[PDB]
Amino acid sequence: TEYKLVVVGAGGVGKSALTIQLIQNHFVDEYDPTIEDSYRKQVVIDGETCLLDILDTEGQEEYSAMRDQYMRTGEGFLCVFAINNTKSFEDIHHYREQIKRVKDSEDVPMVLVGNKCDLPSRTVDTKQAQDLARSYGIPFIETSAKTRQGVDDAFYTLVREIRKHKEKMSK
Ligand SMILES: Nc1nc2c(ncn2[C@@H]2O[C@H](COP(=O)(O)OP(=O)(O)O)[C@@H](O)[C@H]2O)c(=O)[nH]1
């Protein structure tokens with residue numbers, strides 16, 4: 001059972017930077033003799049083997065055919081905005097609604113992430129984002145890919161949200 005994590009949000013909010021920081025501290029080699037290299041790289045987060053995908057919808061991915069496929073396949077979603085980019089925060093609701101529509105479910109594991117919290121130019125207050133997360137019923141954390149503040153915790157929290165969802169669906 002790999003946990004399938006998807007990182008979603010506006011262009012330039014730091015999705016790649018966050019994911020690279022996570023992989024750097026959580027990748028391992030795994031022995032697998034049924035593979036014609038005998039070892040593969042895996043990411044292990046809070047004891048779980050995880051797959052990682054980044055969903056962009058702007059830039060080159062404005063020409064993509066894959067947006068809904070990423071939402072169907074992902075099991076939990078890091079919904080990233082940047083604390084110095086009001087429009088990226090306003091975009092979050094559209095991403096969340098789209099995920100709910102594609103997955104046809106109201107309880108989708110998700111964590112709201114306010115990235116670039118090292119920056120002094122802030123236009124999205126912590127309380128604004130906390131209120132949004134509370135309405136959705138999901139955790140909120142502020143992160144910095146530059147300082148590593150919050151990065152591990154954001155992904156660990158998402159893994160726990162997926163775990164609790166899998167435990168519920170099993171029951
Ligand atoms: N100061 C600061 N810059 C960041 C942070 N995360 C990403 N960046 C910068 O923001 C820009 C976009 O980051 P990127 O990972 O390419 O965002 P993506 O388009 O969402 O994948 C790059 O210049 C990054 O170096 C952060 O936490 N703090």
# chains A, B, ... in the order shown; residues from 1 in each chain; ligands from 1
>>> select_by_dssp(residues="region 78-124 of chain A", states="alpha helix (DSSP H)", output="list in words")
residues 86, 87, 88, 89, 90, 91, 92, 93, 94, 95, 96, 97, 98, 99, 100, 101, 102 and 103 of chain A
>>> residues_around(residues="region 62-68 of chain A", least_positions_apart="6", cutoff="12 Å", atoms="only C-alpha atoms", output="list in words")
residues 6, 8, 9, 10, 11, 53, 54, 55, 56, 74, 95, 97, 98, 99, 100, 101, 102, 103 and 104 of chain A
>>> closest_atom_pairs(of="chain A", to="ligand 1", cutoff="9 Å", atoms="only C-alpha atoms and all ligand atoms", output="tab-separated table")
residue	atom	partner	partner_atom_place_in_ligand_line	distance
A:7	CA	ligand 1	20 (O)	8.8
A:8	CA	ligand 1	20 (O)	8.0
A:9	CA	ligand 1	20 (O)	6.7
A:10	CA	ligand 1	20 (O)	6.3
A:11	CA	ligand 1	19 (O)	4.0
A:12	CA	ligand 1	19 (O)	3.4
A:13	CA	ligand 1	20 (O)	4.1
A:14	CA	ligand 1	17 (O)	3.3
A:15	CA	ligand 1	20 (O)	3.7
A:16	CA	ligand 1	15 (O)	3.6
A:17	CA	ligand 1	15 (O)	3.7
A:18	CA	ligand 1	6 (N)	6.5
A:19	CA	ligand 1	15 (O)	8.0
A:20	CA	ligand 1	15 (O)	8.3
A:54	CA	ligand 1	21 (O)	7.6
A:55	CA	ligand 1	21 (O)	8.8
A:56	CA	ligand 1	19 (O)	7.4
A:58	CA	ligand 1	19 (O)	8.7
A:59	CA	ligand 1	19 (O)	8.9
A:80	CA	ligand 1	20 (O)	7.9
A:81	CA	ligand 1	20 (O)	8.5
A:82	CA	ligand 1	27 (O)	8.0
A:114	CA	ligand 1	27 (O)	8.9
A:115	CA	ligand 1	27 (O)	5.2
A:116	CA	ligand 1	27 (O)	3.3
A:117	CA	ligand 1	27 (O)	6.2
A:118	CA	ligand 1	28 (N)	5.8
A:119	CA	ligand 1	1 (N)	5.5
A:143	CA	ligand 1	27 (O)	6.3
A:144	CA	ligand 1	27 (O)	3.4
A:145	CA	ligand 1	27 (O)	3.7
A:146	CA	ligand 1	27 (O)	4.7
A:147	CA	ligand 1	27 (O)	7.0
A:148	CA	ligand 1	27 (O)	7.6
A:149	CA	ligand 1	27 (O)	8.3
>>> write_last_selection(atoms="C-alpha atoms", output="tab-separated table (two decimals), in the first residue's frame")
chain	number	residue	atom	x	y	z
A	7	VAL	CA	0.83	18.68	-4.02
A	8	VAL	CA	-1.53	21.23	-5.66
A	9	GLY	CA	-1.68	25.03	-5.90
A	10	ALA	CA	-0.96	28.03	-8.10
A	11	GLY	CA	2.27	28.36	-10.06
A	12	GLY	CA	5.21	29.63	-8.09
A	13	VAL	CA	3.93	28.96	-4.59
A	14	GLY	CA	6.78	26.53	-3.86
A	15	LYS	CA	5.35	23.08	-4.65
A	16	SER	CA	8.60	21.85	-6.24
A	17	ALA	CA	10.74	23.37	-3.51
A	18	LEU	CA	8.69	21.74	-0.77
A	19	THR	CA	8.68	18.34	-2.50
A	20	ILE	CA	12.43	18.43	-3.15
A	54	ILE	CA	2.88	17.74	-8.17
A	55	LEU	CA	-0.23	19.07	-9.93
A	56	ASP	CA	0.30	22.33	-11.81
A	58	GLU	CA	-0.61	27.03	-15.10
A	59	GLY	CA	2.35	27.47	-17.42
A	80	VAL	CA	-0.34	25.10	-1.12
A	81	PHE	CA	-0.59	28.88	-1.27
A	82	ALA	CA	2.16	31.45	-0.62
A	114	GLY	CA	0.86	28.55	3.69
A	115	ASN	CA	4.36	28.48	2.20
A	116	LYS	CA	7.14	31.11	2.14
A	117	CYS	CA	6.50	32.00	5.77
A	118	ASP	CA	10.13	33.21	5.98
A	119	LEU	CA	9.20	36.19	3.82
A	143	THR	CA	5.93	26.34	5.93
A	144	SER	CA	9.17	27.63	4.50
A	145	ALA	CA	11.07	25.60	1.93
A	146	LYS	CA	13.93	28.06	2.43
A	147	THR	CA	14.33	27.53	6.21
A	148	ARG	CA	12.61	24.09	6.31
A	149	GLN	CA	10.12	25.46	8.88
>>> residues_around(residues="residue 156 (chain A)", least_positions_apart="5", cutoff="9 Å", atoms="only C-alpha atoms", output="PyMOL selection string")
chain A and resi 45-46+151+161
>>> atom_distance(atom1="CA of residue 43 (chain A)", atom2="CA of residue 21 (chain A)")
11.8 Å
>>> select_by_dssp(residues="chain A", states="strand (DSSP E)", output="PDB file with C-alpha atoms, in the first residue's frame")
ATOM      1  CA  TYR A   3       0.153   6.331   0.097  1.00  0.00           C
ATOM      2  CA  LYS A   4      -0.389   8.628  -2.930  1.00  0.00           C
ATOM      3  CA  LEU A   5       0.298  12.262  -2.093  1.00  0.00           C
ATOM      4  CA  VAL A   6      -0.444  15.118  -4.514  1.00  0.00           C
ATOM      5  CA  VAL A   7       0.827  18.685  -4.020  1.00  0.00           C
ATOM      6  CA  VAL A   8      -1.532  21.234  -5.664  1.00  0.00           C
ATOM      7  CA  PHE A  27      14.398   8.908   0.452  1.00  0.00           C
ATOM      8  CA  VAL A  28      15.895   5.453   1.019  1.00  0.00           C
ATOM      9  CA  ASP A  29      17.203   2.598  -1.085  1.00  0.00           C
ATOM     10  CA  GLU A  30      15.088  -0.539  -0.973  1.00  0.00           C
ATOM     11  CA  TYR A  31      16.331  -3.983  -1.961  1.00  0.00           C
ATOM     12  CA  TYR A  39      17.285  -1.630  -5.788  1.00  0.00           C
ATOM     13  CA  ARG A  40      14.802   1.189  -6.018  1.00  0.00           C
ATOM     14  CA  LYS A  41      14.497   4.563  -4.392  1.00  0.00           C
ATOM     15  CA  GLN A  42      11.435   5.065  -2.141  1.00  0.00           C
ATOM     16  CA  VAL A  43      10.196   7.861   0.099  1.00  0.00           C
ATOM     17  CA  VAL A  44       9.166   6.804   3.611  1.00  0.00           C
ATOM     18  CA  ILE A  45       7.128   9.310   5.631  1.00  0.00           C
ATOM     19  CA  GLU A  48       4.624   4.763   5.208  1.00  0.00           C
ATOM     20  CA  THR A  49       5.927   4.294   1.699  1.00  0.00           C
ATOM     21  CA  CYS A  50       4.692   7.292  -0.263  1.00  0.00           C
ATOM     22  CA  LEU A  51       4.355   8.249  -3.884  1.00  0.00           C
ATOM     23  CA  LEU A  52       4.579  11.989  -4.632  1.00  0.00           C
ATOM     24  CA  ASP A  53       3.105  14.017  -7.485  1.00  0.00           C
ATOM     25  CA  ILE A  54       2.885  17.741  -8.166  1.00  0.00           C
ATOM     26  CA  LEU A  55      -0.227  19.069  -9.930  1.00  0.00           C
ATOM     27  CA  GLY A  76      -4.424  13.053  -0.075  1.00  0.00           C
ATOM     28  CA  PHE A  77      -3.633  16.587  -1.160  1.00  0.00           C
ATOM     29  CA  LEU A  78      -1.315  19.292   0.078  1.00  0.00           C
ATOM     30  CA  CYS A  79      -3.088  22.485  -0.972  1.00  0.00           C
ATOM     31  CA  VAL A  80      -0.337  25.099  -1.123  1.00  0.00           C
ATOM     32  CA  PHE A  81      -0.588  28.879  -1.269  1.00  0.00           C
ATOM     33  CA  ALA A  82       2.156  31.445  -0.623  1.00  0.00           C
ATOM     34  CA  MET A 110      -6.096  17.390   2.708  1.00  0.00           C
ATOM     35  CA  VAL A 111      -3.774  19.801   4.496  1.00  0.00           C
ATOM     36  CA  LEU A 112      -3.736  23.569   3.830  1.00  0.00           C
ATOM     37  CA  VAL A 113      -0.157  24.885   3.532  1.00  0.00           C
ATOM     38  CA  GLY A 114       0.859  28.550   3.691  1.00  0.00           C
ATOM     39  CA  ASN A 115       4.363  28.478   2.204  1.00  0.00           C
ATOM     40  CA  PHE A 140      -3.398  24.200   8.387  1.00  0.00           C
ATOM     41  CA  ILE A 141       0.330  24.714   8.684  1.00  0.00           C
ATOM     42  CA  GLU A 142       2.721  27.467   7.612  1.00  0.00           C
TER      43      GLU A 142
END
>>> closest_residue(among="A:123, A:89, A:70, A:2", to="residue 57 (chain A)", atoms="only C-alpha atoms")
A:70
>>> atom_distance(atom1="CA of residue 90 (chain A)", atom2="CA of residue 133 (chain A)")
12.9 Å
>>> atom_distance(atom1="CA of residue 153 (chain A)", atom2="CA of residue 32 (chain A)")
29.2 Å
>>> closest_residue(among="A:135, A:106, A:129, A:60", to="residue 88 (chain A)", atoms="only C-alpha atoms")
A:129
